[PDB]
């Protein structure tokens, strides 16, 4: 298993997603994040990746979710810690990896996000902390999942 982060930049009626321009999940919208490095906590990793990919800074993040990901015929698990950045400083800025864009919450193009996102985004937007596991047949196809709400992490 490998540690990753995912940070959703949320304002009362809109979210700043990023169009992944290269790498894993290229061509889909997503939150900002990446691998957690040796020598940083998960949260600091989430903050560093948000700053790097969007030019945005935060005082704090909310822990909102935790989801493990599995691909059929690959033993390597992605242990993804999901944060909400409720309040950001600075100006959204395109990076080599991400082009930030704002979407009003009822207009998020779920068709162009990872397919799991349409399952847990509703929990996110209702402020319900969640735990889950998703097993993908391929990058477009969920084979199996479980998802539940938790009171804390």
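Positions refer to the first chain, counted from 1.
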Going by the entry, of stretches 5 to 13 and 139 to 147 the one with greater average Cα B-factor is 139 to 147
Higher avg CA temperature factor (109 to 117 vs 65 to 73, as deposited) belongs to 65 to 73
Pick out which of 125, 42, 51, 88 has the highest C-alpha B-factor in the PDB entry. 125
Using the temperature factors of the C-alpha atoms in this entry, rank residue 23 within its chain: lowest, middle or highest third. highest
